[PDB]
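So you know, we letter chains A, B, ... as the sequences are listed, proteins then strands, and number each from 1.
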Amino acid sequence: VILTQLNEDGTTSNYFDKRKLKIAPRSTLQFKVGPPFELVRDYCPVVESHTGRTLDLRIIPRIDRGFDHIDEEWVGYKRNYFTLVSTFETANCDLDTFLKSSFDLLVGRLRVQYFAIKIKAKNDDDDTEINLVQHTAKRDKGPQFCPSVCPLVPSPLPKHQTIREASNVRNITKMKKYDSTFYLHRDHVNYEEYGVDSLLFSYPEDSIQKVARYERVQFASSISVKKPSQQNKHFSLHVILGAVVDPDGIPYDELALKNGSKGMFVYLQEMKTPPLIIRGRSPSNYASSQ
DNA sequence: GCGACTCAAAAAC
DNA sequence: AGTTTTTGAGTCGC
(Lines give C-alpha, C1' and ligand atoms only; values in the text may rest on other atoms or scores of the structure.)
Protein backbone atom coordinates (compact mmCIF):
# COMPACT_ATOMS: atom_id res chain seq x y z
CA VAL A 1 0.00 0.00 0.00
CA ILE A 2 2.85 2.44 0.85
CA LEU A 3 6.22 2.07 -0.85
CA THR A 4 9.05 3.82 0.93
CA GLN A 5 12.29 5.24 -0.45
CA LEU A 6 15.04 6.83 1.63
CA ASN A 7 15.83 10.44 0.54
CA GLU A 8 19.32 11.89 0.42
CA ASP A 9 18.94 13.71 3.76
CA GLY A 10 17.46 10.70 5.60
CA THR A 11 13.78 11.62 5.33
CA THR A 12 11.51 9.20 3.48
CA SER A 13 9.39 9.46 0.42
CA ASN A 14 6.25 7.41 0.88
CA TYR A 15 4.52 6.62 -2.37
CA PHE A 16 0.87 5.64 -2.31
CA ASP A 17 -2.02 5.51 -4.75
CA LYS A 18 -4.82 7.92 -3.85
CA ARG A 19 -7.25 5.55 -5.64
CA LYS A 20 -6.60 3.10 -2.80
CA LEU A 21 -5.46 5.07 0.27
CA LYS A 22 -6.68 8.43 1.51
CA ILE A 23 -4.22 10.29 3.77
CA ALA A 24 -4.90 13.57 5.60
CA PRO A 25 -4.07 16.79 3.71
CA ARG A 26 -1.36 17.89 6.17
CA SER A 27 0.20 14.48 6.80
CA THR A 28 3.97 14.50 6.29
CA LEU A 29 3.23 11.56 3.95
CA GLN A 30 2.09 14.13 1.33
CA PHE A 31 5.67 15.39 1.15
CA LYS A 32 7.88 13.25 -1.06
CA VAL A 33 10.59 13.56 -3.67
CA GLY A 34 9.16 13.49 -7.17
CA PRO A 35 10.59 12.50 -10.53
CA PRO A 36 14.27 13.17 -11.25
CA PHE A 37 15.16 15.77 -13.85
CA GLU A 38 17.28 15.21 -16.95
CA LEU A 39 19.14 17.64 -19.19
CA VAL A 40 17.25 18.73 -22.30
CA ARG A 41 20.04 20.93 -23.63
CA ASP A 42 22.51 23.70 -23.13
CA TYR A 43 21.87 26.85 -25.08
CA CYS A 44 23.85 30.11 -24.97
CA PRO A 45 27.42 30.16 -23.53
CA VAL A 46 28.22 32.75 -20.82
CA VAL A 47 31.72 34.16 -20.32
CA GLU A 48 33.34 36.40 -17.68
CA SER A 49 33.79 39.84 -19.27
CA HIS A 50 37.59 40.19 -18.84
CA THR A 51 39.08 36.72 -18.37
CA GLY A 52 36.86 35.28 -21.12
CA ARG A 53 36.46 32.15 -18.99
CA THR A 54 33.29 30.19 -19.76
CA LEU A 55 30.93 29.93 -16.85
CA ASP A 56 29.90 26.32 -16.31
CA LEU A 57 26.29 26.16 -15.21
CA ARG A 58 24.06 23.45 -13.79
CA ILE A 59 20.42 23.53 -12.81
CA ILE A 60 19.71 21.65 -9.54
CA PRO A 61 15.95 21.00 -9.38
CA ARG A 62 13.67 18.81 -7.25
CA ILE A 63 9.98 18.15 -6.78
CA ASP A 64 9.02 17.92 -3.08
CA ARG A 65 5.24 17.39 -3.19
CA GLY A 66 2.48 16.25 -5.55
CA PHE A 67 3.99 13.26 -7.37
CA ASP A 68 4.01 9.54 -6.55
CA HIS A 69 5.93 6.70 -8.19
CA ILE A 70 3.17 4.11 -8.85
CA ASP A 71 3.72 0.99 -10.97
CA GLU A 72 6.72 2.51 -12.78
CA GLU A 73 4.90 5.74 -13.59
CA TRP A 74 5.02 9.14 -11.96
CA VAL A 75 1.53 10.27 -11.06
CA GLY A 76 0.07 13.58 -9.98
CA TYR A 77 -3.45 14.82 -9.33
CA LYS A 78 -5.03 17.76 -11.13
CA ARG A 79 -6.76 19.02 -7.96
CA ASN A 80 -3.68 18.95 -5.75
CA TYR A 81 -0.63 21.04 -5.04
CA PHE A 82 2.85 20.27 -6.21
CA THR A 83 6.12 21.88 -5.14
CA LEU A 84 9.07 22.37 -7.50
CA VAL A 85 12.26 23.96 -6.20
CA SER A 86 15.47 24.76 -8.03
CA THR A 87 18.82 26.41 -7.67
CA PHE A 88 21.73 26.61 -10.02
CA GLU A 89 25.44 26.18 -9.51
CA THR A 90 28.55 27.51 -11.15
CA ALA A 91 31.17 24.82 -10.69
CA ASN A 92 34.10 27.04 -11.63
CA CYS A 93 33.16 30.22 -9.71
CA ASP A 94 32.51 30.77 -6.00
CA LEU A 95 29.55 32.97 -5.10
CA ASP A 96 31.43 35.88 -3.63
CA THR A 97 33.58 36.22 -6.78
CA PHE A 98 30.63 35.63 -9.11
CA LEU A 99 28.66 38.53 -7.63
CA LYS A 100 31.57 40.98 -8.04
CA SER A 101 32.21 39.97 -11.67
CA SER A 102 30.34 40.75 -14.91
CA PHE A 103 29.27 38.31 -17.59
CA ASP A 104 28.44 38.36 -21.27
CA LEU A 105 26.55 36.03 -23.58
CA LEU A 106 28.60 34.65 -26.46
CA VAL A 107 26.09 34.63 -29.34
CA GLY A 108 28.20 39.66 -30.41
CA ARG A 109 28.33 40.14 -26.62
CA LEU A 110 25.20 40.97 -24.66
CA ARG A 111 25.81 41.86 -21.03
CA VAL A 112 23.97 39.68 -18.52
CA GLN A 113 21.95 41.80 -16.11
CA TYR A 114 20.95 38.85 -13.97
CA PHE A 115 20.28 35.12 -13.95
CA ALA A 116 16.81 33.70 -13.51
CA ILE A 117 14.72 30.55 -13.56
CA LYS A 118 11.36 29.84 -15.03
CA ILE A 119 9.25 26.72 -15.08
CA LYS A 120 6.89 25.38 -17.71
CA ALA A 121 4.62 22.40 -18.19
CA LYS A 122 4.38 20.66 -21.56
CA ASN A 123 2.68 17.80 -23.30
CA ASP A 124 5.65 15.45 -23.52
CA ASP A 125 4.48 13.83 -26.75
CA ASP A 126 4.06 17.00 -28.84
CA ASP A 127 5.81 19.83 -26.95
CA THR A 128 2.58 21.86 -26.56
CA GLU A 129 2.79 24.17 -23.50
CA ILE A 130 0.26 23.65 -20.70
CA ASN A 131 -0.74 26.45 -18.30
CA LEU A 132 0.25 26.22 -14.63
CA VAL A 133 -1.48 28.11 -11.84
CA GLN A 134 -0.30 28.93 -8.34
CA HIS A 135 -2.20 29.84 -5.23
CA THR A 136 -1.27 31.50 -1.96
CA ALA A 137 -1.91 29.62 1.26
CA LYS A 138 -5.38 31.21 1.32
CA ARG A 139 -6.19 29.32 -1.91
CA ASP A 140 -9.70 30.39 -3.13
CA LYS A 141 -9.73 33.24 -0.59
CA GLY A 142 -6.58 34.76 -2.10
CA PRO A 143 -5.32 35.45 -5.64
CA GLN A 144 -4.31 32.96 -8.36
CA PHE A 145 -1.23 33.64 -10.46
CA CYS A 146 0.97 32.08 -13.12
CA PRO A 147 4.50 31.06 -12.04
CA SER A 148 6.86 33.96 -12.52
CA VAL A 149 10.44 34.27 -13.62
CA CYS A 150 12.62 34.15 -10.51
CA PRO A 151 15.91 36.09 -10.38
CA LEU A 152 18.40 33.92 -8.51
CA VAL A 153 22.01 33.67 -7.44
CA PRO A 154 23.83 30.34 -7.32
CA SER A 155 23.29 28.24 -4.22
CA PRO A 156 23.15 24.60 -3.11
CA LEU A 157 19.68 23.15 -3.15
CA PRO A 158 18.19 22.80 0.33
CA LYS A 159 17.49 19.28 1.57
CA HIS A 160 13.96 17.93 1.28
CA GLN A 161 13.47 18.32 5.08
CA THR A 162 14.30 22.03 4.85
CA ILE A 163 11.74 22.63 2.12
CA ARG A 164 9.16 20.81 4.28
CA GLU A 165 9.99 22.85 7.33
CA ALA A 166 9.79 26.15 5.52
CA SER A 167 6.50 25.44 3.68
CA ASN A 168 4.13 27.31 6.00
CA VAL A 169 6.18 29.58 8.25
CA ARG A 170 4.56 32.75 9.63
CA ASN A 171 6.37 33.21 12.97
CA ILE A 172 9.03 35.92 12.77
CA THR A 173 11.66 34.06 14.77
CA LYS A 174 11.47 31.01 12.52
CA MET A 175 11.44 33.16 9.38
CA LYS A 176 14.68 34.72 10.62
CA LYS A 177 16.28 31.29 10.98
CA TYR A 178 15.53 30.31 7.35
CA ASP A 179 16.18 33.71 5.81
CA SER A 180 19.80 33.12 4.83
CA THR A 181 18.88 29.82 3.18
CA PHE A 182 16.40 31.42 0.78
CA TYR A 183 17.47 35.04 0.29
CA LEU A 184 20.42 37.32 -0.29
CA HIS A 185 19.67 40.88 0.85
CA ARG A 186 21.82 43.11 -1.35
CA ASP A 187 21.06 46.12 0.82
CA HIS A 188 23.04 44.40 3.62
CA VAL A 189 26.35 44.00 1.74
CA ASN A 190 29.25 46.43 1.91
CA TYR A 191 28.63 48.52 -1.21
CA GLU A 192 32.24 49.70 -1.23
CA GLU A 193 33.41 46.18 -2.13
CA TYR A 194 31.50 46.29 -5.44
CA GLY A 195 31.99 48.03 -8.76
CA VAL A 196 29.09 49.73 -10.49
CA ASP A 197 29.17 47.12 -13.25
CA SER A 198 29.08 44.14 -10.85
CA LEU A 199 26.49 41.47 -11.46
CA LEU A 200 25.00 41.83 -7.97
CA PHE A 201 24.07 45.45 -8.69
CA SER A 202 22.23 44.69 -11.94
CA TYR A 203 19.73 42.39 -10.17
CA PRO A 204 16.32 44.09 -10.26
CA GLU A 205 15.53 44.08 -6.51
CA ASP A 206 17.52 44.18 -3.26
CA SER A 207 15.92 40.95 -2.02
CA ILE A 208 17.33 38.20 -4.24
CA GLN A 209 16.25 34.58 -4.00
CA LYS A 210 18.90 31.87 -3.54
CA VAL A 211 16.27 29.23 -4.29
CA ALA A 212 13.40 29.30 -6.79
CA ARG A 213 10.53 27.86 -4.75
CA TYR A 214 7.31 27.20 -6.60
CA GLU A 215 4.77 26.00 -4.05
CA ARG A 216 1.03 25.42 -4.33
CA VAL A 217 1.32 24.85 -8.07
CA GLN A 218 -1.34 23.07 -10.11
CA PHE A 219 -1.98 22.24 -13.71
CA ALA A 220 -4.65 24.58 -15.07
CA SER A 221 -8.17 23.41 -14.33
CA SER A 222 -9.02 23.16 -18.01
CA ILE A 223 -6.30 20.61 -18.88
CA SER A 224 -7.42 17.43 -20.60
CA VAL A 225 -5.58 14.53 -18.95
CA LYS A 226 -6.59 11.72 -21.31
CA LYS A 227 -6.08 11.30 -25.02
CA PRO A 228 -9.08 10.63 -27.27
CA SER A 229 -8.14 6.91 -27.16
CA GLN A 230 -8.60 7.13 -23.32
CA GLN A 231 -4.86 6.49 -22.85
CA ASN A 232 -3.30 8.89 -20.38
CA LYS A 233 -1.62 11.97 -21.74
CA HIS A 234 2.04 12.33 -20.79
CA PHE A 235 3.17 15.64 -19.36
CA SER A 236 6.57 16.96 -18.33
CA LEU A 237 7.76 19.76 -16.08
CA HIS A 238 10.62 21.89 -17.38
CA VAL A 239 13.05 24.15 -15.52
CA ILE A 240 14.86 26.73 -17.62
CA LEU A 241 17.86 28.79 -16.54
CA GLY A 242 18.18 32.07 -18.41
CA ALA A 243 20.15 35.31 -18.53
CA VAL A 244 18.15 38.50 -18.68
CA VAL A 245 19.62 41.08 -21.04
CA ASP A 246 18.71 44.49 -22.45
CA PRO A 247 17.08 44.14 -25.92
CA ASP A 248 19.00 47.19 -27.16
CA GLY A 249 18.86 34.06 -33.60
CA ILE A 250 18.93 32.03 -30.37
CA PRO A 251 16.16 30.84 -28.00
CA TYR A 252 14.65 33.47 -25.70
CA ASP A 253 11.41 34.71 -24.18
CA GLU A 254 10.38 38.33 -23.78
CA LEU A 255 10.18 39.63 -20.23
CA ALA A 256 8.61 42.71 -18.62
CA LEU A 257 11.77 44.43 -17.35
CA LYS A 258 12.20 46.55 -14.20
CA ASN A 259 12.57 49.95 -15.89
CA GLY A 260 9.42 49.08 -17.89
CA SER A 261 11.02 48.44 -21.29
CA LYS A 262 11.38 45.14 -23.15
CA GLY A 263 13.83 42.53 -21.91
CA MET A 264 15.02 39.15 -23.14
CA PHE A 265 15.24 36.04 -21.01
CA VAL A 266 17.89 34.26 -23.03
CA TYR A 267 17.91 30.49 -22.51
CA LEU A 268 21.09 28.96 -21.03
CA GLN A 269 20.06 25.46 -19.94
CA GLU A 270 16.86 23.41 -19.64
CA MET A 271 16.03 20.25 -17.69
CA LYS A 272 12.80 18.23 -17.66
CA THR A 273 11.10 15.37 -15.89
CA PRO A 274 10.30 12.01 -17.40
CA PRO A 275 6.71 11.59 -18.55
CA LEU A 276 4.07 12.36 -15.93
CA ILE A 277 0.52 11.09 -15.60
CA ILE A 278 -2.06 13.49 -14.23
CA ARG A 279 -5.26 12.11 -12.72
CA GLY A 280 -8.36 14.22 -13.14
CA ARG A 281 -11.42 14.83 -11.05
CA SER A 282 -13.20 11.56 -11.85
CA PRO A 283 -14.62 9.80 -8.77
CA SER A 284 -12.73 6.68 -9.82
CA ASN A 285 -9.39 8.41 -9.13
CA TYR A 286 -10.24 8.47 -5.43
CA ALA A 287 -10.41 5.84 -2.71
CA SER A 288 -13.83 7.23 -1.71
CA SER A 289 -15.38 5.56 -4.78
CA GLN A 290 -14.43 2.11 -3.40
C1' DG B 1 -16.13 18.34 -16.89
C1' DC B 2 -15.46 22.41 -13.82
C1' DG B 3 -16.30 26.51 -10.34
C1' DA B 4 -17.78 26.81 -6.00
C1' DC B 5 -18.70 25.77 -1.31
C1' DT B 6 -17.64 22.87 2.12
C1' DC B 7 -15.76 19.45 5.59
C1' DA B 8 -12.09 17.69 8.01
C1' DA B 9 -7.49 16.56 9.94
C1' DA B 10 -2.67 17.56 11.16
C1' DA B 11 0.57 21.44 11.14
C1' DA B 12 1.66 25.80 13.08
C1' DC B 13 1.82 28.58 16.82
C1' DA C 1 -3.30 23.16 25.79
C1' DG C 2 -5.85 25.90 23.43
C1' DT C 3 -7.04 28.26 18.30
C1' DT C 4 -6.02 29.20 13.56
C1' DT C 5 -4.09 27.77 9.24
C1' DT C 6 -3.51 24.96 5.39
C1' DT C 7 -4.79 21.70 1.90
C1' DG C 8 -6.86 16.85 0.13
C1' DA C 9 -11.06 16.02 -1.38
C1' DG C 10 -16.62 15.28 -1.02
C1' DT C 11 -20.48 17.31 -3.15
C1' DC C 12 -23.76 20.28 -5.76
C1' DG C 13 -25.47 21.68 -10.01
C1' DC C 14 -24.96 23.73 -14.25
Side-chain angles (χ1 to χ4, degrees), chain A residues 1-4 7 9-35 62-70 73-85 119 121 123 128-147 158-169 171-179 181-182 213-235 237 276-290:
Chain A
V1 185
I2 297 167
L3 241 120
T4 294
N7 297 330
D9 65 349
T11 56
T12 52
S13 293
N14 303 275
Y15 303 121
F16 64 93
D17 193 331
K18 283 165 157 79
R19 287 167 166 177
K20 296 176 193 173
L21 181 64
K22 173 199 196 154
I23 290 300
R26 303 297 301 285
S27 170
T28 61
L29 301 178
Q30 306 283 3
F31 282 112
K32 61 203 81 183
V33 174
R62 195 178 62 233
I63 287 161
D64 282 321
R65 189 185 188 88
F67 288 89
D68 288 90
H69 201 203
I70 288 160
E73 305 185 289
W74 284 101
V75 178
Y77 271 66
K78 195 171 165 187
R79 298 195 71 196
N80 297 351
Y81 291 166
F82 73 86
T83 288
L84 186 170
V85 302
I119 63 166
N123 181 323
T128 287
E129 183 165 356
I130 280 96
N131 290 320
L132 294 175
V133 306
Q134 270 183 286
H135 285 87
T136 71
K138 300 312 188 188
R139 196 164 61 186
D140 285 3
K141 303 186 225 290
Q144 297 180 7
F145 50 104
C146 313
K159 308 157 166 199
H160 176 71
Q161 189 166 157
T162 300
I163 298 306
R164 285 199 192 173
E165 288 168 350
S167 60
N168 281 296
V169 187
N171 180 256
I172 301 311
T173 301
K174 196 186 259 177
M175 275 177 44
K176 279 191 255 164
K177 115 157 128 191
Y178 287 107
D179 182 73
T181 295
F182 294 108
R213 257 201 307 176
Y214 297 94
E215 298 174 287
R216 313 185 181 83
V217 197
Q218 283 177 261
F219 291 78
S221 61
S222 56
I223 69 152
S224 161
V225 297
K226 297 211 158 256
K227 300 182 177 185
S229 63
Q230 314 181 61
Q231 291 173 218
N232 291 315
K233 284 203 194 167
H234 286 170
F235 297 94
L237 288 163
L276 314 169
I277 299 314
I278 305 297
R279 297 216 188 127
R281 299 197 44 184
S282 177
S284 72
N285 288 328
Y286 292 93
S288 59
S289 72
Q290 303 305 329

Would you please confirm or rule out a distance under 4.0 Å between OP1 or OP2 of [N] and any side-chain N or O of [X]?
X        : N      : value
A:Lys174 : B:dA12 : no
A:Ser288 : C:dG10 : yes
A:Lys22  : B:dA9  : no
A:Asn80  : C:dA9  : yes
A:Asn168 : C:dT7  : yes
A:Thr28  : B:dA10 : no

Self-check item: From CG (A:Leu29) to CG (A:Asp68), nearest 0.5 Å
Solution: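 Between A:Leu29 CG and A:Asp68 CG, I get 10.0 Å after rounding to 0.5 Å.
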
Quiz item: For the atom pair CZ (A:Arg65) and NE2 (A:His160), what is the distance rounded to the nearest 0.5 Å?
Solution: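 Taking CZ in A:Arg65 and NE2 in A:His160, the distance rounds to 9.5 Å.
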
Self-check item: A:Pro25 vs A:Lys78, nearer the 5' end of DNA chain B by closest nucleotide
Solution: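 On the 5' side of the pair lies A:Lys78.
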
Practice problem: Would you mind telling me which residue lines up with the more 5' stretch of DNA chain C, A:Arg281 or A:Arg26, judged by nearest nucleotide? | Solution: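 The residue closer to the strand's 5' end, by nearest nucleotide, is A:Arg26.
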
Practice problem: Would you mind reading off the distance between A:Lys138 atom NZ and C:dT4 atom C1', rounded to a whole angstrom? | Solution: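 Nearest whole value for this atom pair: 8 Å.
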
Quiz prompt | Closest to the A:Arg65 side chain, choosing from C:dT6, B:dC2, C:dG8 | solution =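 Shortest atom-to-atom distance from the side chain points to C:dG8.
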
Quiz item: A:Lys226 and A:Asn232: side-chain donor and acceptor closer than 3.5 Å?
Solution: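 Per modelled atom types, A:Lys226 and A:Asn232 side chains form a pair under 3.5 Å.
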
